[PDB]
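Participant: An experimental structure, sequence included, is below.
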Amino acid sequence: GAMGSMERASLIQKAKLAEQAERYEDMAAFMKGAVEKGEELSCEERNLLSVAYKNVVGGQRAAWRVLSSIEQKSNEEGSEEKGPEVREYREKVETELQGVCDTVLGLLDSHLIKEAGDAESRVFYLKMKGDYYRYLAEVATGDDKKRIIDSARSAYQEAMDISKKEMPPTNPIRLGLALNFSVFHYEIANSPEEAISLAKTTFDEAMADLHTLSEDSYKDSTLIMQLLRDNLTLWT
Amino acid sequence: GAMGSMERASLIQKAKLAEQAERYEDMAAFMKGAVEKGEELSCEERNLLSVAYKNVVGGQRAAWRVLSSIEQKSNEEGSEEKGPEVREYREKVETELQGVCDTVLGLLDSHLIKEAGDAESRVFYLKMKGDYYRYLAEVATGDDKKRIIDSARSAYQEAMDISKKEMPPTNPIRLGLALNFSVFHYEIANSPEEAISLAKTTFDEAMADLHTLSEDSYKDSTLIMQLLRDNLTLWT
Amino acid sequence: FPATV
Amino acid sequence: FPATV
Ligand SMILES: N=C(N)c1cc(-c2cccc(NC(=O)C3(Oc4ccc(Cl)cc4)CCOCC3)c2)cs1
Ligand SMILES: N=C(N)c1cc(-c2cccc(NC(=O)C3(Oc4ccc(Cl)cc4)CCOCC3)c2)cs1
């Protein structure tokens, strides 16, 4: 690790600076360095890690989708052969995306998840594990595609089981987990009915618990509830 | 060069794909590879090169400005010492920016400018040379700052002299050169009056030549004329 | 695309 | 910031 010589606190400080500068690759590298110091992450630090890699892989995914679209058009009946370049470059971006996902999964496996005992940390990390296997699934086409999908499903399921036992239904981590697991069902697992059921039940159970919340907690929970509603509107 | 084994035509194709995917670092690397094949660049290829590096350095400049702002605030009377991290990270981004500028300047010097004989290519490249010395000037503070500024000025001046002899006043390259040289005067050379004079005279001479143009050429020229007007509105 | 967080 | 192209 090229961050091995930098103080943990300096890495966290520089991650925050990189965020302000919208330098998310740097932010991710700084947070990888911080994780590799071996200490557990605080709540703020976990979110710095997740924000950084979500932004990096989100850009990769958007680029991959553009290139995959161009590639599929080049392969339609009536297209002029353009040679191997579109496939090659899509593969290049794909390999870089897979590398980022493997990096994040590696950090979770060495050793964030195994040291995470509190529900807020353990559910957060298992959600991330589901998310990054989901991104691998989005580009997977080989002998391993089913296993990648099942790895995402298993991580999301363990996170769901913990969240239902240990968190209130309005907990934003619980809500965001359900939001994303619902998208996994719809987009990855060819299970739109499960996706819709999960989003609706999550929304309704949250609604019934909003009365317990402060104004600031209410704002956080209703924000994610609106994303659940948005997806349900897209799907029905 | 890691692009040394790829066909020139494949590099150009992949630059266009990278553009569509908004992968401008890749686009710049592909176009650097294409330049290093040693052949002159067509009009389209010159603009692919310029678009790529302008986008890359533009992001670096925006990040540097954010970090420099944070750094100046940390140094105001009343601030809590945060340690060396803000300066270090600003320096990191600065060094990366300088590296991109040196790369572009290196391509122009080896050997794009010396082989560029037509006004449309030679003015284009000399404008780029002024632009990338201007970006170096924006971050320069040492023994070389004056020399960097004079290198930008000299490149812009040679481009201006050629453009006034060889291009009509509505030529979009001539207009964009004047736009940027005017900004150099205002922001780098502490010469706002020269900046304003150059923008106004460029605008007025273009206006008087619009009658010679087709509808499509008119659209191209008036677009840049509007940028000149925008800057004049900012400055007066 | 659907919303995720 | 002023416009450049
Ligand atoms: N960026 C930063 N420097 C920091 C972010 C945070 C932080 C801490 C807790 C929660 C969040 N919450 C979010 O970021 C959003 O909600 C989430 C809900 C569930 C999950 Cl699992 C993840 C995010 C993102 C979507 O829109 C609403 C806010 C941030 C601390 S520092
Ligand atoms: N991107 C691409 N794949 C391509 C871009 C071009 C191309 C060719 C000629 C001119 C331009 N013109 C521009 O890009 C803009 O005008 C310029 C004017 C002067 C200068 Cl010196 C540079 C740009 C940028 C600012 O807004 C209006 C258009 C593009 C071919 S392929």
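Facilitator: Yes, it's here. Numbering: from 1, shown residues only, chains lettered A, B, ... in the order given. Ligands and ions are numbered 1, 2, ... in the order given.
Participant: how near is residue A:10 to chain D?
Facilitator: Counting by C-beta to the nearest C-beta, to the nearest Å, the gap between residue A:10 and chain D amounts to 31 Å. (C-beta placed from N, C-alpha, C; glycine too.)
Participant: my read: that residue touches residue B:82, true?
Facilitator: No: applying C-beta atoms under 8 Å as the test, residue A:10 and residue B:82 come out as separate, 10.0 Å apart.
Participant: So for these two, which residue has more residues nearby?
Facilitator: For residue A:10 and residue B:82, the more surrounded residue by other C-beta atoms under 10 Å in any protein chain shown is residue A:10, and the numbers stand at 18 against 14.
Participant: Nearest residue to that one in space, please, no chain neighbours.
Facilitator: When the adjacent residues along the chain are set aside, residue A:10 lies closest to residue B:85, with 5.1 Å between them (C-beta to C-beta, 6 or more residues apart in numbering or on different chains).
Participant: Show me the helices in chain A, by range?
Facilitator: When assigned using DSSP state H, the helices of chain A occupy the ranges A:8-20, A:24-35, A:43-74, A:85-107, A:113-115, A:119-139, A:145-166, A:172-183, A:192-207, A:215-235.
Participant: Which of these has the highest mean neighbour count?
Facilitator: Among the helices of chain A, helix A:172-183 has the highest mean neighbour count (mean count of other C-beta atoms under 10 Å in any protein chain shown), at a mean of 25.
Participant: so, in contact with chain C or not, that one?
Facilitator: Yes: for a cut-off given as C-beta under 8 Å from any C-beta of the partner chain, helix A:172-183 has contacts with chain C, namely A:176, A:179-180, A:183.
Participant: between that helix and helix A:215-235, how big is the angle?
Facilitator: Between the axes of helix A:172-183 and helix A:215-235, defined by axes from the mean of the first three to the mean of the last three C-alpha atoms, to 10 degrees, the angle is 10 degrees.
Participant: Using JSON lines, lay out the helices of chain A together with distance to residue B:25.
Facilitator: Supplementary listing: the helices of chain A in JSON lines, determined by distance: least, C-beta to C-beta, whole Å:
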{"stretch": "helix A:8-20", "distance to residue B:25": "16"}
{"stretch": "helix A:24-35", "distance to residue B:25": "10"}
{"stretch": "helix A:43-74", "distance to residue B:25": "11"}
{"stretch": "helix A:85-107", "distance to residue B:25": "11"}
{"stretch": "helix A:113-115", "distance to residue B:25": "32"}
{"stretch": "helix A:119-139", "distance to residue B:25": "20"}
{"stretch": "helix A:145-166", "distance to residue B:25": "28"}
{"stretch": "helix A:172-183", "distance to residue B:25": "29"}
{"stretch": "helix A:192-207", "distance to residue B:25": "36"}
{"stretch": "helix A:215-235", "distance to residue B:25": "31"}
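Participant: what's the closest of the ones you listed to residue B:14?
Facilitator: When the helices of chain A are ranked by proximity to residue B:14, the top entry is helix A:85-107, at 5.0 Å, counting by C-beta to C-beta.
Participant: thinking again about what came up before, isn't the residue nearest to residue A:10 right up against residue A:16?
Facilitator: No: contact status for residue B:85 versus residue A:16: not in contact, 9.5 Å apart, counting by C-beta under 8 Å.
Participant: about what we covered before: which among the residues of helix A:172-183 next to chain C gets closest to ligand 2?
Facilitator: Looking at these and their distance to ligand 2, the nearest is residue A:183, at 33.8 Å (C-beta to the nearest ligand atom).
Participant: Which one, of the helices of chain A, ends up nearest to residue B:67?
Facilitator: Checking those against residue B:67 by C-beta to C-beta gives helix A:8-20 as the closest, at 6.5 Å.
Participant: any idea how far the residue minimising distance to the centre of chain A is from residue A:96?
Facilitator: If you average the C-alpha coordinates of chain A and look for the closest C-alpha using C-alpha atoms, centre = their mean, you land on residue A:131, 3.5 Å from that point. Counting by C-beta to C-beta, to the nearest Å, the gap from residue A:131 to residue A:96 is 17 Å.
Participant: And for residue A:102?
Facilitator: 11 Å.
Participant: Next: residue A:89.
Facilitator: Residue A:89 sits 11 Å away from residue A:96, going by C-beta to C-beta.
Participant: what residues do those two have in common as contacts?
Facilitator: Residues touching both residue A:89 and residue A:96 by C-beta atoms under 8 Å, 6 or more residues apart in numbering or on different chains: none at all.
Participant: Can you report phi and psi for residue A:83?
Facilitator: Dihedral angles phi and psi of residue A:83 (degrees, to the nearest 10) take the values phi 90, psi -170.
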